[PDB]
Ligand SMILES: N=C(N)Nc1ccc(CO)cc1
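The chain below stands alone, shown as structure tokens; this is the form deposited without the ligand.
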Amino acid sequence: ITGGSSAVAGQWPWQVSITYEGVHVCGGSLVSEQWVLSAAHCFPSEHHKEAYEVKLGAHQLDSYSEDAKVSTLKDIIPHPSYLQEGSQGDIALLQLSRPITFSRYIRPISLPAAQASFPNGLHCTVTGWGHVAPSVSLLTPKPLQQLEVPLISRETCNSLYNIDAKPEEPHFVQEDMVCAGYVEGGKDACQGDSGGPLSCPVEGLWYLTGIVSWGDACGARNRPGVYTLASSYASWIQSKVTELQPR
């Protein structure tokens, strides 16, 4: 996250860190005792399931904490429509190997209904342990970063991405995506934030409005972060989790 600030421990208790072969690669959001949502692009087919871990209840990634829990994954389920980089369906359900117990530092985030609308300009927050500037790593001990970002409609976002765009390097914000951030840049998610939550405030609660999908903008002007809408997948998430692990 570039241009944000350090969250405090317990502030975003649904934020998780996903590691591959011990290295943080993406964020994710806890959505129940045994399920996390992240981005499909974080789980390439070539990777081995057994090499992933999810760290929950973490504030500083490099710090030991008695509140944190680390888990392996029993199942990784990218949405079937995710075909390639930039694609729609950039979302994945991950089932932890074992259920965790909720605590002051580990709590799920409520998912929006299929038709929940989060209005243009709503101030949401994106969190993550990704780079704090282009090709600049968050410095140890790596306190979770947070950034308040207004929602930007996919239509506006597509117009921005068109500005000084590389003809070959397209950036189409799909119908299942929304953007958030600032036209003037300096403040966005960076490499390592993708898969993580865009948490929006509604009615005194927080909802997972989005999952960081293109999380490499890293403060470029005219390049707000692009998020997969959780609402677009409410039905699918509910169907997969109910079938696979009913309550």
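Shifts are known only where both forms have a C-alpha. Numbering starts at 1 and follows the sequence shown. C-alpha atoms forming the largest set that superposes within 1.5 Å between two forms make up the rigid core.
Keep in mind that the form solved in complex with the ligand is missing from the display, and what follows is about it.
**Study point:** Open or blocked: the ligand superposed from its pose in the deposited bound form, cut-off 2.4 Å to backbone or C-beta
**Key:** The pocket is blocked.
Exercise for review: Counting only non-hydrogen atoms, choose the one of 64 to 72, 205 to 213, 51 to 59, 28 to 36 that falls within 4.5 Å of the ligand in the deposited bound form.
Suggested key: Contact-bearing stretch, as computed: 205 to 213.
Review point. Given that the partner is absent here, does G192 sit within 4.5 Å of the ligand in the deposited bound form, heavy atoms only?
Key: Flag for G192 set to yes.
Check your understanding: Can any non-hydrogen atom of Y161 be found within 4.5 angstroms of the ligand in the deposited bound form?
Key -> Taking the distances in the deposited bound form, the answer for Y161 is yes, it comes within 4.5 Å of the ligand.
Review point. Any of the heavy atoms of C200 lying within 4.5 Å of the ligand in the deposited bound form?
Key: No, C200 sits far enough from the ligand in the deposited bound form that none of its heavy atoms falls within 4.5 Å.
Review point. Though the partner is not shown here, which residues of 214 to 247 have a heavy atom within 4.5 Å of the ligand in the deposited bound form?
Key: Those in contact are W214, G215, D216, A217, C218, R223, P224, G225.
Practice item. Once the rigid core is lined up, just say which one of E33, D216, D67, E53 has a C-alpha that travels 2 Å or more between the shown form and the other one. Key: Correct option: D216.
Practice item. Answer with closer or farther for the CA-CA spacing of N162 and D216 in the deposited bound form compared to the shown form; it moves by 3 Å or more. Key: Relative to this form, closer in the deposited bound form.
Review point. Among residues found in both forms, what runs of at least 3 in a row have Cα shifts of 2 Å or more between the shown form and the other one after core fitting?
Key: Once the cores are aligned, run 215 to 217 is the only one whose C-alphas move by at least 2 Å.
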